[PDB]
**Student:** 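Please read through the structure below; I'll follow up with questions.
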Amino acid sequence: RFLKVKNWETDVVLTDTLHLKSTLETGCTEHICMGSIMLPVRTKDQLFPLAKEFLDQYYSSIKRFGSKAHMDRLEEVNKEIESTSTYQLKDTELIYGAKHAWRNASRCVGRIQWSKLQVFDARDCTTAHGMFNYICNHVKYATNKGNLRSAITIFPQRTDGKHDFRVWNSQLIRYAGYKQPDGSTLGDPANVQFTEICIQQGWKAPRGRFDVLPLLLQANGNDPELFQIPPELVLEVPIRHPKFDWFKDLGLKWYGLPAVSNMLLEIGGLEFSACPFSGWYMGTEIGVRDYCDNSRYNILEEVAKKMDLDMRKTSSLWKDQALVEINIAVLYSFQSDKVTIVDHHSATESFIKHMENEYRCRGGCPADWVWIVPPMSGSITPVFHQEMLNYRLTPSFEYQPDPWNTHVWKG
Amino acid sequence: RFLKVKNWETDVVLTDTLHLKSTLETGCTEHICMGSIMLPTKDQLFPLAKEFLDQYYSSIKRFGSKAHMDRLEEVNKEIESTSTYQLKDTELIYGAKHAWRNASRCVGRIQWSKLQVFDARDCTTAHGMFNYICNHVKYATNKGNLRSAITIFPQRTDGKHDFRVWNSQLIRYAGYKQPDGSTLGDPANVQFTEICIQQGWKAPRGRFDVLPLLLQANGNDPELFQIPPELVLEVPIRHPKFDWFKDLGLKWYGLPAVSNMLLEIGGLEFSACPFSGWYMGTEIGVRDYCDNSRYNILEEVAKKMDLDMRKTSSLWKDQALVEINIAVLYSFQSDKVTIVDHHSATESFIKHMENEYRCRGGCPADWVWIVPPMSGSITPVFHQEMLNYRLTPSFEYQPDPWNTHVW
Ligand code: HEM
Ligand code: HEM
Ligand SMILES: Nc1cccc(C[C@H]2CNC[C@H]2OCCNCCc2cccc(F)c2)n1
Ligand SMILES: Nc1cccc(C[C@H]2CNC[C@H]2OCCNCCc2cccc(F)c2)n1
Ligand SMILES: C[C@H](O)[C@H](O)[C@H]1CNc2nc(N)[nH]c(=O)c2N1
Ligand SMILES: C[C@H](O)[C@H](O)[C@H]1CNc2nc(N)[nH]c(=O)c2N1
Ligand SMILES: [Zn+2]
């Protein structure tokens, strides 16, 4: 079977066969599309097929399908599963696996980069202090004094689900949020609940607008422990504008390293619940979402005030005007400080080239349009005009519940 | 079976049950989402008729009344005898309002119950269609104080006697290829513009020539007509800050009037049902003006603003985009032609969703189309989960007539 996608701007038509290898469900049916819904302990029984499918994929990728090495590995994994109820990946399979989870991540516009990922194997880690050390090394490596390098650190896999490794932070580097008695918020309102947990755990909060949060780290199902990332490891960029000299006086900054730490990595049926990964920013993530969402820093008004835009009617488009200015500021600031960043034009244009190459070499590229299209200037990026097919391939990154919701506290 | 949608900005959770009434297919499966694909007998008719009549009689609080059971038997006799049936005027109006109400891709649905329905089922010729259409254009335009309207031509019978408007919209601009390799006017309309030429239209060959109507009655060959220019309200585009903007020579028309869709009510098919509302500014400023395959004006505008066009990261495209859209809204407002900005329209749609959830149990919505083509996340719809499903009565796409028509 063959499915076609059309770019309505170029008339380029692509043919997808890769979707045939998808088994996991989308949330949609013949009667309902759930394409805009954000969120739509394995037996031995279910494990061996998952391992077999993965190893078949791995051995095919290295051009050794059906080889003696391939067959011996299947047998070895089979034996290990029946005897121990799980199995261990070879370093080569882990690296392949992690890269492919990124390749398969339908919500990621940056996947042109997928084959360049530094994988840190942290499966020998046993304690929270051990995790802290691994994470510091990742942050220093990935940061590279502003010449950002993509990286992932992989902690031990789930065993019985009672001994999970988890990074409780949603990202390795994020700013604290504090709810004031008067109902206003200081700092990042997205991080209020998490900030509150850190405080309870014993963090001494500076109570400012951009306090880098401590790491809250859980090894082997134990209660999580707090650690402060050395400040010299946390690269930050003060935000200024190339023409507007008052922009610096907004007192804005952001961190250079975007590093997702709350997702679950699935490889061959194995579950890695702590697998922090990092790339580099696309400008709109900060300038559009972090700064201008109503439920985030919410700076549109203050910026438009300072620009002296007509604010009495939405139809002056003051908000759109201030939006572009803030996003120019973000890109200018990062580039001036030599911290890697990509603008949404460049990133989407690269994504289209990647997607086309993937169709040609792989038979497809699963992509979630709702997430791929940037949150400003949608239709002046080429992805807006690109039909996309969204389906789930493994290896994969998945959401998992917040750990404060599920953790059994030991004391 | 009961489905929740969350707004991530407000935490408001709504519960959808209306989807369970849905019947037609989405294009998606459990294995694949097709959310971003643009185009994903007497025996058949009686169930469709019944489903419709049932919802009509329920809507007037007469479900299962003697009047309800009388109508179902009368329609059933009519289908049994004629293989089709005729809608009462009340049914037709209800059907048309509900097709709009059900249009998952339309952000302007807060207005759905204020629709003027022009019954043109007595029409027989292209001159007659032309008359109905001029009357629709003049009524809807209302000297710039636009009113929503639909004109409904006779329903499909055996399918070789279709009424069709060949135009995609009642009012559009011509497109011309030259030796240049370039396109003058609207590249979207090149093929149609050429069909007009081959059928006899003498073209001014300019950038903004209002196209003629090409009208097909009763499956006959279509005929050309020029809409009286005094009936076509157009707006010159100027900027409230940039005096040079006027010299780009830009204008647009005031009346958005889709004329190529098919209205289905109670299984009956209305292949010619032009309808019109009023513009959201982005349709013109972002899409018509800035799509690479449309007027594609970003380069010329950026140049007049003297921006640094050497690198994408200066956001010269994005700056110019905003200015073009400011000009569109300013021009329509100044000339007193109804228009809505994307902020106002999307705020209205959120309120409409809330009304629909509370009063109807849901609102089918296609997020990919509802979120505006600029500044997505600063509009509330970006943060609103939506469920997309097909309800009837409906507006549907149909084949372009030129590919289908037997000459
Ligand atoms: C190299 C530069 C990269 C860029 C510019 C980039 C860009 C993005 C953006 C803009 C998003 C959507 C974020 C949001 O709106 O919340 C995203 C999502 C995502 N990316 Fe990337 N990415 C990069 C590298 C990576 C890497 C290294 C990985 C993992 C190895 C990754 C995996 C993912 C995943 C799993 C998502 C989904 C996150 C979610 O659903 O919350 N990306 N990417
Ligand atoms: C009153 C003001 C209205 C506004 C502001 C409005 C807004 C819009 C917009 C922005 C679109 C997307 C157009 C595109 O991107 O191609 C759309 C699509 C649509 N609207 Fe409306 N609308 C209005 C009135 C109407 C009326 C009166 C009807 C029918 C009675 C209608 C039915 C539809 C349908 C069926 C579509 C999908 C068209 C397609 O798929 O090409 N709308 N609407
Ligand atoms: N440029 C890069 C590189 C790597 C990773 C990234 C994503 C990061 C950065 N900027 C946002 C964050 O992405 C992680 C947060 N994404 C939303 C998670 C979420 C919330 C609610 C519901 C739901 F389904 C999902 N960007
Ligand atoms: N404001 C209003 C009021 C009523 C109606 C409208 C839509 C009109 C105006 N502005 C665009 C036009 O909409 C009709 C064209 N829509 C896209 C048609 C299309 C083409 C290719 C593939 C595909 F799937 C669909 N706006
Ligand atoms: C409701 C809707 O699906 C939700 O707001 C999505 C839309 N698209 C997105 N796209 C990206 N990249 N990131 C997001 O957080 C979202 N949010
Ligand atoms: C491929 C993609 O579905 C296509 O470009 C869509 C996206 N969203 C849209 N949204 C609206 N309102 N109108 C459109 O024409 C489109 N085009
Ligand atoms: Zn879907």
Side-chain angles (χ1 to χ4, degrees), chain A residues 41-42 80 84-91 93-95 97-98 101 117-143 151-174 176 191 193-205 211-234 257 259-267 270-278 397-398 400-411:
Chain A
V41 75
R42 284 198 165 101
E80 190 170 340
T84 78
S85 287
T86 188
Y87 70 107
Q88 299 297 317
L89 292 165
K90 303 306 216 187
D91 293 352
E93 296 158 354
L94 183 74
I95 286 146
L117 176 60
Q118 180 63 212
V119 174
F120 295 113
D121 189 349
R123 293 170 294 172
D124 68 359
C125 190
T126 70
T127 60
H129 277 85
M131 303 178 62
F132 176 68
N133 194 56
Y134 268 114
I135 290 171
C136 285
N137 294 345
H138 172 143
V139 168
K140 198 170 170 186
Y141 176 90
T143 301
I152 179 171
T153 294
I154 305 173
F155 290 104
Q157 68 209 42
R158 171 167 299 153
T159 54
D160 60 3
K162 290 193 198 167
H163 291 79
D164 282 5
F165 284 71
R166 295 294 300 271
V167 174
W168 285 40
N169 310 64
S170 62
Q171 291 173 51
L172 301 181
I173 299 168
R174 280 202 94 170
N191 303 320
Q193 200 191 19
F194 178 84
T195 304
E196 263 150 18
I197 290 164
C198 290
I199 293 159
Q200 203 204 142
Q201 298 311 304
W203 189 50
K204 306 292 162 207
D211 304 334
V212 168
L213 282 159
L215 289 163
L216 189 47
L217 308 175
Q218 162 182 330
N220 204 232
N222 292 305
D223 292 352
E225 299 169 22
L226 287 166
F227 302 93
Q228 171 198 215
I229 306 170
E232 69 269 36
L233 263 34
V234 181
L257 187 71
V260 169
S261 56
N262 61 357
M263 297 184 83
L264 180 148
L265 165 60
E266 183 186 328
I267 299 167
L270 303 177
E271 299 188 302
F272 297 92
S273 53
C275 60
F277 61 83
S278 63
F397 289 110
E398 305 292 347
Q400 52 179 343
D402 283 324
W404 49 90
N405 288 317
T406 59
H407 184 70
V408 172
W409 283 91
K410 290 161 182 194

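Throughout, protein chains are lettered first and strands after them, A, B, ... in sequence-line order, and every chain is numbered starting at 1. Keep in mind that the numbers below use all heavy atoms, side chains included, and drop hydrogens, waters and symmetry copies.
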**Student:** If you round to the nearest 0.5 Å, how far is SG of A/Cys275 from CD of A/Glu266?
**Tutor:** 11.5 Å
**Student:** Considering only heavy atoms from C-beta outward, does the side chain of A/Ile197 approach that of A/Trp203 to under 4.5 Å?
**Tutor:** no
**Student:** Please tell me if the side chains of A/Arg42 and A/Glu271 come closer than 4.5 Å, counting only heavy atoms from C-beta onward.
**Tutor:** yes
**Student:** Before you tell me yes or no, could you show the steps for A/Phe272 and A/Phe165 under side-chain contact (heavy atoms from CB on, under 4.5 Å), namely the whole-Å CA-CA distance, both residues' side-chain angles and the distance that decides it to 0.1 Å?
**Tutor:** CA-CA 8 Å; A/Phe272 297 92; A/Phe165 284 71; over 6 Å; no
**Student:** Taking the six-membered ring for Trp, are A/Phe120 and A/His138 parallel (under 30°), tilted (30 to 60°) or perpendicular (over 60°)?
**Tutor:** tilted
**Student:** A/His129 vs A/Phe227 aromatic rings, parallel, tilted or perpendicular, using cut-offs 30° and 60°?
**Tutor:** perpendicular
**Student:** Contact between A/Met131 and A/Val167 at the side-chain level, heavy atoms closer than 4.5 Å - yes or no?
**Tutor:** yes
**Student:** If you take all heavy atoms of A/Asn169 and A/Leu216, which pair is closest and at what distance?
**Tutor:** OD1-N, 2.8 Å
**Student:** Determine the minimum heavy-atom distance between A/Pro156 and A/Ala122, stating which atoms define it.
**Tutor:** CD-O, 3.5 Å
**Student:** Do the non-hydrogen side-chain atoms of A/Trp404 and A/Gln193 ever get within less than 4.5 Å of each other?
**Tutor:** yes
**Student:** Go through the steps for A/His163 and A/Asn220 under the test side-chain contact (heavy atoms from CB on, under 4.5 Å), then give the verdict.
**Tutor:** CA-CA 4 Å; A/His163 291 79; A/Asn220 204 232; 3.6 Å; yes
**Student:** Decide yes or no on side-chain contact (heavy atoms from CB on, under 4.5 Å) for A/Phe155 and A/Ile135, but give the supporting numbers first.
**Tutor:** CA-CA 10 Å; A/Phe155 290 104; A/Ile135 290 171; 4.0 Å; yes
**Student:** Hey, can you tell me if A/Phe277 and A/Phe397 have their rings parallel, tilted or perpendicular (30° and 60° cut-offs)?
**Tutor:** tilted
**Student:** Search all heavy atoms of A/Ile152 against all heavy atoms of A/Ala98 and return the closest pair with its distance.
**Tutor:** CG2-CB, 4.2 Å
**Student:** Just jot down the side chain to side chain contact (heavy atoms under 4.5 Å, CB included) partners of A/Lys204, sequence neighbours excluded, or say none.
**Tutor:** none
**Student:** Rounded to the nearest 0.5 Å, what's the gap from CG on A/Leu89 to CG on A/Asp121? Could you check?
**Tutor:** 9.5 Å
**Student:** Evaluate A/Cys125 against A/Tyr134 for side-chain contact (heavy atoms from CB on, under 4.5 Å), listing each step before the verdict.
**Tutor:** CA-CA 8 Å; A/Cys125 190; A/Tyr134 268 114; 4.0 Å; yes
**Student:** In terms of side-chain heavy atoms, does A/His407 have a donor or acceptor partner in A/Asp164 at a distance below 3.5 Å?
**Tutor:** no
**Student:** State, yes or no, whether a side-chain contact exists between A/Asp91 and A/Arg123 at a heavy-atom distance under 4.5 Å.
**Tutor:** yes
**Student:** Just checking, is any N or O donor in the side chain of A/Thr86 or A/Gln157 under 3.5 Å from an acceptor N or O on the other one?
**Tutor:** yes
**Student:** Given 3.5 Å as the limit, does a donor-acceptor pair link the side chain of A/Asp223 with the main chain of A/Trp409, or not?
**Tutor:** no
**Student:** Using the test side chain to side chain contact (heavy atoms under 4.5 Å, CB included), find all partners of A/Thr143 that sit at least two apart in sequence or belong to another chain.
**Tutor:** A/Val139, A/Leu235, A/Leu257
**Student:** Quick check: do A/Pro231 and A/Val212 have side-chain heavy atoms less than 4.5 Å from each other?
**Tutor:** no
**Student:** Show, in sequence, the C-alpha distance, side-chain angles and deciding distance for A/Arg166 and A/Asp402, and conclude whether the salt bridge (charged side-chain N to carboxylate O under 4.0 Å, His left out) test is met.
**Tutor:** CA-CA 10 Å; A/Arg166 295 294 300 271; A/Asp402 283 324; 5.6 Å; no
**Student:** Please give me the minimum heavy-atom distance between A/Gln400 and A/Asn262, naming the atom from each residue.
**Tutor:** NE2-O, 3.1 Å
**Student:** Do you know the tightest heavy-atom contact between A/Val234 and A/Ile229?
**Tutor:** CG2-CG2, 3.8 Å
**Student:** Would you compute the distance between atom CG of A/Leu217 and atom CZ of A/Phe132 and round it to the nearest 0.5 angstrom?
**Tutor:** 8.0 Å
**Student:** Does atom NZ of A/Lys162 have more than 12 heavy-atom neighbours, drawn from other residues, nucleotides or ligands, at distances under 6.0 Å?
**Tutor:** no
**Student:** Once you round to the nearest 0.5 Å, how far does CZ of A/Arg174 lie from CG of A/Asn191?
**Tutor:** 3.5 Å
**Student:** Rounded to the nearest 0.5 Å, what's the gap from OG on A/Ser85 to CG on A/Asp160? Could you check?
**Tutor:** 11.0 Å
**Student:** Kindly give the heavy-atom pair with the smallest separation between A/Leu265 and A/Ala101, and that separation in Å.
**Tutor:** CD1-CB, 3.4 Å
**Student:** Are the side chain of A/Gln218 and the backbone of A/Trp168 linked by a donor-acceptor contact shorter than 3.5 Å?
**Tutor:** no
